[PDB]
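> structure here, sequence nowhere to be found:
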DNA sequence: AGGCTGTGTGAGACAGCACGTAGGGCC
DNA sequence: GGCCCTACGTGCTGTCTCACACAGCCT
């Protein structure tokens, strides 16, 4: 219908005029007057933003810095001033050095192949020793590389449906005092208290049956020193996101 | 151009194949002849009124009844009132509509009856029916009927009781107005207080998935019970603000 | 170069047949673009078959407040009510055979797909394209505005699935036309289901003074057993825009409960289309029941 | 009466048109494009320019500077709290064809998949960091072939950035969209420290590159049909399942850094760029994994499969 | 010679727009 | 009556669809 389209266009134009009325700082029931005032305001103030503003806009969002390296030698031709707030390093340190020196000494095989037409790699550089990972991205021009650099008690133990140890986090060396290897391959029922297996068996048969809901139970675990301690567990069955099948039981053997 | 033409050709071929499958009896030209011949044997709207009623009564699962606008009298009622409302047509003929609904719902019908209409009432059988209809000259109204051990209790973040269903009288023994205002841990066994406290302070952290525990619950007569609770925290769908901790108490 | 100039003319002479035979006026039936003819013939044959398998009369459709619709496993509407034009700007002729997935919001496709597949009763809310402006003037499909339809029905199988859904619309609170009664009080809720403006009629029906409800969260009045249903209904209202609840108990001021039924709605800002507040209409289905018991702390 | 009344309307319309076409000259665009711009586009561009300049003056307040945009592999896009885009990077044409002039100022909800109108709404409105995926309309095919709008194919963007509130409260979101390259048409070189893979629908190893043996230690033929969830460290299971859900519901994802169990103990950090396949229904899922470090803590043993 | 696919053609109906006149409403 | 914002529609162009025209193939 022509009338509906015309009405929609008129309403859109009126809304835009109302918005421009508030946008102009100087400004008033009019349309020609408001347009003239907007033009006059715009007189005081080719691309929408100058090249000096896009840099700030990109730095605020991506939170990165521009660096330049030479393929033949790897010397840092230029580093943006924003390197200091990111890596806490003065421009002097980065300048005049080699990019291979500013990375931990096992990822050199990546940069060596990358530098020697688009480039993109993930590496780690020293933080003036804490190491951080930055997603370097950029292109290659006449031969030099230009690329901005962006930025980013208890022990979990899986189980089988029967109750076998299919995983042991490294924290078990201290939380329970047993080496991870020893616990693997043995049912969790054996390590339980002499006569407490009923509670654990019921909990294991219920966690797999109650449509996968978290359960909590307390028992008396043993230790290499032959002492009884109360450690709680939080058991819930993992489910495949798509197929929706039982993968394993995740138990967090929290210690009281 | 090419893609549009290819899609059109594929759609036409699919339609031809479907039409061929539909007919009982080719070279893409005899198919249309057979289809038109079959249509001629059969058979101005797509379906007749009776055929449309046979579908409406199977989808809505209701019936049709006619009532007067003067004294709530019934002139004619569809025969479909036998399967539903469990009653014969004899009662629904010459009687008053106000006498076939709940006594407390007379005012609603009285106001609604006296050009569209809609309301909800409960005819005798009690059930719930969503009456809808209009008004036609006769004045009469034409409308079509239609048809549609555990213990629950809420809890605050800390654990103070905030709501208990009437089933507490049988599940435990206390009255619904006694548990309110008293912490659940007070009613738990002294030995099991630690587990319940840990679960209550952990459920808030574990938001979105229910948590289950077990302990001993008291009763009106001094003894011990075994109640398994499945408590899950509640969050508003929009604001996602912790409001209350439901506890679907179960007896085991 | 004779069959091409002969068969093509022959096909049109045949395609005009299978079109005049359709149960439609000859003038309209003679202006179909060689594809709607089949789209209608196949649908008519399928609905006649399904009709045969299943198998004041002319007042049932008029009495009904919705439009009957039939959907098969694939999603091809094989029949629609003759009165669909009243609600949706589309008509039976031009919307009989098109895949249902072509006239629904992409986010709502999953619910329909689940519902179609084979407990036979079904109940869901879906958004269907509407081209009827508020003023009542029909508009072209190129400017369709989404409309929420409340659908009920039961899946059926014929000698091969099917579906018979009787969709109805939900009246807008600000454009109400159906008369009210003595047991209906309006109300306005904040976007998080927080009371912000309550009609003065609750003081007579439930037992709460209007000044005692402004601010308290709505979820602290529903009975515990209905919390799941109310949460689902509120989620549907937030995601779609309009929802009709079931039958949830509401706590009184001195004990017991009274049943209700809510028809929510959402109001949108006209400057940025940011949702403002939730408007609801409440019915009452009974009086106070079990008035000698105390459930919550407030009633105590 | 009528004769004089109509004359004033003609003069008013002429004056309005003259002012409208004079305003467009002020915009920072070439006169050629400016002259033929319709009135609505002129108003939209003026509004966007004023808003962006106000934001830059309020909050965001040289020899080698122009290279910044070219080095970046995405395109900046400022989005207000109402969904309006007040500025799009000039280089958006390459990734999506839609030129800056055509798209600038339009509502963001009009150029995104309807199913993704809730994630954007949540992210725009207020911890001031954002990292989410979105589906945006495109009009450029592989290798570059502009087509009409109605033939648009949705693309998935890894949107990153931080919100920013500027006093008039008004809040402008700044994002850095980055399209994910399709593995079937890889353009950047693949360095040595990488091994391709191909998993089934439910994340089961169906085919692994031969480099895995040199990188991790598992044989290419030793991992067929085994679920991938049996290898990830238990701490990263939540992140991995979230990434898998996003892959299923959005086509492509870039999973965050996690830990994968290797052979004879230890683990190596990995980053995966998943990509679903659509049959002209889904068929299979590929992945382009990365390796960040050598095996750590080789002696320690975690899973039974390593014993 | 039978139907089947791949290819371009002219013609009717379209939305986009701008610009007209006109009631009608503030002074 | 003095301006000034709204309400419907003439004409126009650039697109949309649809059915009509040569290439070619196993029975």
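Noted; the coordinates are in hand. Numbers count the residues shown, from 1 in each chain, chains lettered A, B, ... in the order given.

> who does residue C:70 bridge with?
residue C:79, residue C:164 (DSSP bridges).

> so it touches residue C:76, yeah?
No: if you go by Cβ atoms under 8 Å, residue C:70 and residue C:76 don't touch, sitting 9.4 Å apart. In this view, the C-beta of every residue, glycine as well, is placed from N, C-alpha and C.

> which of the two has more residues huddled nearby?
More neighbours surround residue C:70 than the other of residue C:70 and residue C:76, with 24 against 19 (other Cβ atoms under 10 Å in any protein chain shown).

> where's the more buried one relative to residue D:102, distance?
Going from residue C:70 to residue D:102 by Cβ to Cβ, to the nearest Å gives 43 Å.

> before we move on, what about residue A:71?
Where residue D:102 is concerned, residue A:71 sits at a distance of 39 Å (Cβ to Cβ).

> wait, isn't residue C:79 in contact with residue C:70?
Yes: applying Cβ under 8 Å as the test, residue C:79 and residue C:70 come out as touching, 4.5 Å apart.

> please, which helix or strand holds residue C:228?
Using DSSP states H and E, residue C:228 sits within helix C:227-239.

> tell me if the next helix or strand after that helix is near chain B.
Sequence-wise, the next helix or strand downstream of helix C:227-239 (DSSP H and E) is strand C:242-244. No: applying Cβ under 8 Å from any Cβ of the partner chain, one finds strand C:242-244 separated from chain B by no less than 10.3 Å.

> tally of neighbours for residue 142?
No chain specified, so I'll use chain A. 4.

> that's the wrong chain, I wanted chain C
Neighbours of residue C:142 using other Cβ under 10 Å come to 7.

> quick check: residues of chain C near chain D?
Within chain C, the positions near chain D by Cβ under 8 Å from any Cβ are C:105-107, C:239, C:272, C:274.

> could those residues go into a markdown table alongside neighbour count, distance to chain A and secondary structure?
Output for the residues of chain C next to chain D, formatted as a markdown table (neighbours: other Cβ atoms under 10 Å in any protein chain shown; distance: Cβ to the nearest Cβ, whole Å; DSSP: H, G, I helix; E, B strand; the rest coil):
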| residue | neighbour count | distance to chain A | secondary structure |
| --- | --- | --- | --- |
| C:105 | 15 | 21 | coil |
| C:106 | 12 | 20 | helix |
| C:107 | 16 | 19 | helix |
| C:239 | 13 | 21 | helix |
| C:272 | 12 | 10 | coil |
| C:274 | 14 | 14 | coil |
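
> what is the most widely separated pair among the residues you listed?
C:106 and C:272 (23.0 Å; Cβ to Cβ).

> what sits against residue 164?
Using chain A here. By Cβ atoms under 8 Å, 6 or more residues apart in numbering or on different chains, residue A:164 lies in contact with A:185-188.

> oops, wrong one, chain C.
Residue C:164 neighbours (Cβ under 8 Å, 6+ apart): B:55, B:58-59, C:68-70, C:153-154, C:156.

> contact residues of chain C facing DNA strand F?
C:1, C:4-5, C:8-9, C:11-12, C:33-35 (Cβ under 7 Å from any atom of the strand).

> dump these into JSON lines; add neighbour count as well.
Shown next, in JSON lines, are the residues of chain C next to DNA strand F (neighbours: other Cβ atoms under 10 Å in any protein chain shown):
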{"residue": "C:1", "neighbour count": "5"}
{"residue": "C:4", "neighbour count": "8"}
{"residue": "C:5", "neighbour count": "9"}
{"residue": "C:8", "neighbour count": "10"}
{"residue": "C:9", "neighbour count": "10"}
{"residue": "C:11", "neighbour count": "14"}
{"residue": "C:12", "neighbour count": "11"}
{"residue": "C:33", "neighbour count": "6"}
{"residue": "C:34", "neighbour count": "12"}
{"residue": "C:35", "neighbour count": "14"}
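
> quick one: residues contacting the residue at minimal distance from the centre of chain A.
Among the residues of chain A, the one closest to the centroid is residue A:152, at 6.0 Å (Cα atoms, centre = their mean). Residue A:152 makes contact with A:132-135, D:257 under the criterion Cβ under 8 Å, 6+ apart.

> same thing with residue A:221?
So residue A:221 contacts A:176, A:191-193, A:228-231, A:253 (Cβ under 8 Å, 6+ apart).

> now do the SS call for residue C:110.
With DSSP: H, G, I helix; E, B strand; the rest coil as the basis, residue C:110 sits in helix.

> now swap in residue A:39 and tell me
Under three-state DSSP, residue A:39 comes out as helix.

> do you know how far the closest residue to it other than its chain neighbours is from DNA strand E?
Take residue A:39 and drop its neighbours on the chain: the residue closest to it by Cβ to Cβ, 6 or more residues apart in numbering or on different chains is residue D:23, 5.1 Å away. Per Cβ to the nearest atom of the strand, to the nearest Å, residue D:23 is found 13 Å from DNA strand E.

> how close does residue D:23 sit to chain C?
23 Å (Cβ to the nearest Cβ, to the nearest Å).

> and for residue A:230?
Relative to chain C, and taking Cβ to the nearest Cβ, residue A:230 is found at 34 Å.

> so which helix or strand takes in that residue?
With DSSP H and E as the criterion, residue A:230 is inside strand A:229-239.

> in the chain, which spans are helices?
Since you didn't name a chain, this refers to chain A. A:2-23, A:32-44, A:51-62, A:83-87, A:91-94, A:108-115, A:172-175, A:180-183, A:197-207 (DSSP state H).

> chain C, not that one
For chain C, the helices defined by DSSP H occupy C:3-16, C:26-29, C:36-54, C:60-63, C:84-87, C:109-116, C:202-205, C:227-239.

> now the residue in the stretch 1-150 of chain A positioned nearest to DNA strand E: closest residue in space that isn't a chain neighbour?
The stretch 1-150 of chain A approaches DNA strand E most closely through residue A:5 (4.1 Å), counting by Cβ to the nearest atom of the strand. Leaving aside its chain neighbours, residue A:5 sits nearest to residue C:143 (7.6 Å; criterion: Cβ to Cβ, 6+ apart).

> show me the contacts for that neighbour.
A:4-5, A:8, C:131.

> first vs last residue of stretch C:145-161, how far apart are they?
Criterion Cα to Cα, to the nearest Å; first-to-last residue distance in stretch C:145-161 is 31 Å.
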